[PDB]
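Student: Mind looking over this structure? Questions follow.
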Amino acid sequence: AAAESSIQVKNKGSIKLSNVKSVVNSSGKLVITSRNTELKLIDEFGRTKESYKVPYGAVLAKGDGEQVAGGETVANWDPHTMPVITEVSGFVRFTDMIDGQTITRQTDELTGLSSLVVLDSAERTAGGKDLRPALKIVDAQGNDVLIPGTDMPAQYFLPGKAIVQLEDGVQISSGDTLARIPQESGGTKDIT
């Protein structure tokens with residue numbers, strides 16, 4: 001089958017995410033800030049019974065410390081969806097996501113859909129070499145939006161296989177996706 005849709009932490013206990021510095025988006029949920037998503041389930045004696053590493057951009061369910069009941073979904077990611085999610089509310093400004101250099105413009109409706117696709121490092125072409133495929137996120141006013149905490153604009157360089165629909169001129173909430181990365185892996189026979 002090879003889904004691994006969600007983590008059903010098999011027993012009751014706390015959840016302490018170590019080596020991760022994420023933030024709480026406006027959906028009241030928890031963002032995925034890096035690839036160090038250490039999902040550590042505990043017991044009543046303080047014993048790490050389960051440990052996980054969730055895809056950076058797999059929607060988080062609960063927070064930290066709250067004793068989770070067993071078999072519960074602790075984070076969220078569709079089978080072939082390891083998406084790169086936004087952290088705040090922001091625009092879609094074409095800089096290094098320039099149509100024509102890195103993609104094929106298939107424009108859609110007022111919602112701003114498409115069938116454009118962004119790929120990882122190796123799978124790139126030779127056209128947009130000065131284009132590091134990205135998405136420059138800016139607020140409603142226009143200035144480059146900021147992830148809460150620092151001074152660097154929110155810049156999510158949406159990695160491989162990720163299909164992007166939001167076209168120039170779409171402002172989203174804090175917790176919506178920029179692009180969604182498939183993960184089929186049907187068979188799981190790839191390890192010597």
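By order of appearance in the structure tokens: chains A, B, ..., then residues from 1 within every chain, and ligands from 1 in the order shown.
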Excluding segment 17-23 of chain A and any residue of its chain fewer than 5 positions from it, enumerate the residues within 8 Å of it, using only C-alpha atoms, and give them as a VMD selection string.
Tutor: chain A and resid 30 to 34 36 to 40 64 87 148
Student: From segment 2-87 of chain A, collect each residue whose DSSP state is strand (DSSP E) and return the set as a list in words.
Tutor: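 Put together, the selection reads residues 8, 9, 38, 39, 40, 41, 50, 51, 52, 53, 59, 60, 72, 73, 75, 76, 84 and 85 of chain A.
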Student: Considering only C-alpha atoms, can you say which of A:69, A:137, A:170, A:191 comes closest to residue 88 of chain A?
Tutor: A:137
Student: Residues of segment 128-181 of chain A within 7 Å of segment 80-84 of chain A: nearest atom pair and distance (Å, one decimal) for each, counting only C-alpha atoms, sorted by chain and number, as CSV?
Tutor:
residue,atom,partner,partner_atom,distance
A:158,CA,A:84,CA,5.8
A:162,CA,A:83,CA,7.0
A:177,CA,A:84,CA,6.2
A:178,CA,A:84,CA,6.1
A:179,CA,A:83,CA,5.6
A:180,CA,A:83,CA,3.6
A:181,CA,A:82,CA,4.4
Student: Please, could you write that set of residues out with C-alpha atoms as a short mmCIF file (atom, residue, chain, number, x, y, z; two decimals), in the first residue's frame?
Tutor:
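Below you can see out.cif, which holds the result:
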data_model
loop_
_atom_site.label_atom_id
_atom_site.label_comp_id
_atom_site.auth_asym_id
_atom_site.auth_seq_id
_atom_site.Cartn_x
_atom_site.Cartn_y
_atom_site.Cartn_z
CA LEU A 158 9.03 24.95 -2.70
CA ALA A 162 5.26 20.19 -6.00
CA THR A 177 -0.17 25.52 1.08
CA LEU A 178 2.11 27.04 -1.49
CA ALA A 179 2.75 23.71 -3.25
CA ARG A 180 2.27 20.00 -2.58
CA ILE A 181 5.04 17.40 -2.95
#
Student: Out of A:147, A:131, A:92, A:9, which residue has the shortest atom-to-atom distance to residue 165 of chain A when counting only C-alpha atoms?
Tutor: A:92
Student: Hey, which of A:72, A:16, A:48, A:168 ends up closest to residue 108 of chain A? Count only C-alpha atoms.
Tutor: A:168
Student: Can you pull out the residues contacting residue 2 of chain A? Cut-off 7 Å, using only C-alpha atoms, and skip same-chain residues under 6 positions away; I want them as a ChimeraX atom specification.
Tutor: /A:185-188
Student: Could you state the separation of atom CA of residue 62 of chain A and atom CA of residue 4 of chain A in Å, given to one decimal place?
Tutor: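 Computing it gives 18.4 Å between the two atoms.
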Student: Kindly give the distance, in Å, that separates atom CA of residue 57 of chain A and atom CA of residue 77 of chain A, rounded to a single decimal.
Tutor: 8.0 Å
